[PDB]
Every structure is written in structure tokens, then in C-alpha cells.
Amino acid sequence: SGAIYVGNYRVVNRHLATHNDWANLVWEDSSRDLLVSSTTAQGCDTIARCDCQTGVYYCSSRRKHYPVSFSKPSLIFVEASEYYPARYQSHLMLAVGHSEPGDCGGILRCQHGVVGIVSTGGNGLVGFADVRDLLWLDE
Ligand SMILES: CSc1ccc(Br)cc1CC(=O)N1C[C@H](C(N)=O)CC[C@H]1C
Ligand SMILES: [Zn+2]
């Protein structure tokens, strides 16, 4: 679990969005596993606007942060799950690191701010949904 709170927006994994997220929907994209909902309170986070390929993510299944080198946002095949059919997930960045399904929502940050959230994984792999291209989050 986990979310980004920026301005009057809440960014979550689309497959973990609540009834309240859907009732206050701003934007969602199944191909990215993202959903953004509106909030009444002002957020605590800021978004990176950069091309960093290194950063640190929070791994809830280890209660620890880990440093990672990750690929640029790309279209990557993701196997079927209870949440989605087998498809290409877009704007996804992969890295070597530990992850389990419940780790989705953990934030990846670089020196500039929030880069994205955990969305996929594998055997010693962790994949992050990028949010740096969503310029409207800042206004
Ligand atoms: C951190 S998730 C994870 C971690 C390790 C392993 Br093995 C396997 C996973 C599962 C995984 O990749 N997905 C991706 C899915 C999606 N984004 O299409 C939504 C959550 C889940 C079902
Ligand atoms: Zn950066």
C-alpha cells in the first residue's frame, strides 16, 4: 500500500484505489496502473522533473529503503493477475531489488523528489510506475 499526496491530488496504484478514490476521480490509466483522485487537504509531497535513473525506494516487506538503478519509462509485458489481463504496462521502470505484491505503493525518490510508485515485481525484480511526466500534478 501507499500513495503520493501532491497539492490537492492523491496518486495511488489503480488496482488498489478505494471507493472514495473512484468517487473523487481526476484521471486513471489501466495501461499505467495509476489513478489520481482529488483531496480537500493540501499534500505533503513534491514531484521530480528530471531524467534520473538512480534513486531509493521504500520496501514495506522489509521495512527498509533500498538504493536502485532503474530503466527509463517503457512498455513492458506484465503477466495476467487477478487485477489485469496479460498486457503491456506503459511508463514502467524496472530495477533489481526485492518486492512482494503488498509492496505496491512504496515511493521511489531521487534527489529532486518523487519519481514513482512500486507497481510490479518478479524474482529479484521491482517495477515502478513513473509519475514525472504528469506535469499537471504541480498545478
Ligand atoms: C510488487 S508486485 C509483485 C512482486 C513480486 C512478484 Br514475484 C510479483 C508481483 C505481482 C505483480 O507484478 N503485480 C503487477 C500488477 C500489474 N501492475 O499489472 C498489479 C500488482 C501485482 C499483481
Ligand atoms: Zn531526479
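Every number here is computed from the coordinates shown, using simple stated rules; none is lab data. FYI the Cβ positions are ideal-geometry reconstructions off the backbone, even for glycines, and counts take in every protein chain you see.
Result for the chain in a Gaussian network model with C-alpha springs under 10 Å: among 108, 94, 125, the largest mean-square fluctuation is at 125.
Other residues whose C-beta falls under 12 angstrom from the C-beta of residue 98 contribute a net charge of +1, scoring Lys and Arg +1 and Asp and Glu -1.
Each of 115, 96 has some number of other Cβ atoms within 10 Å of its Cβ, and from fewest to most they run 96, 115.
A DSSP coil position with no more than 14 other Cβ atoms inside 10 Å describes the following chymotrypsin sites (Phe, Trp or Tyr not before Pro) in region 51-139: 83. In units of the rule-of-thumb radius 2.2 N^0.38 Å, the chain shows an alpha carbon radius of gyration of 0.97. Counting only trypsin sites (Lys or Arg not before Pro) that are in a DSSP loop and have at most 14 other C-beta atoms within 10 Å, tell me the longest site-free stretch of the chain. Longest gap between qualifying sites, sites excluded: 64-139. Evaluating 6.51 cos²θ - 1.76 cosθ + 1.60 at θ = phi - 60° for every residue in region 86-97, the Karplus couplings come out as 4, 7, 8, 8, 8, 6, 9, 10, 9, 8, 7, x Hz, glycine and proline recorded as x. Along region 123-132 the Karplus relation, 6.51 cos²θ - 1.76 cosθ + 1.60 evaluated at θ = phi - 60°, assigns HN-Hα couplings of 7, x, 10, 9, x, 10, 7, 6, 10, 5 Hz to successive residues, with x for each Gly and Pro.
Computed over the chain, the per-residue total of -39500 (n - 2.57) for DSSP H runs of n ≥ 4 gives a 222 nm mean residue ellipticity of -500 deg cm²/dmol, rounded to 500.
Picking from 101, 85, 73, which is most flexible by a Gaussian network model of the chain using Cα springs under 10 Å? Fluctuation is largest for 85.
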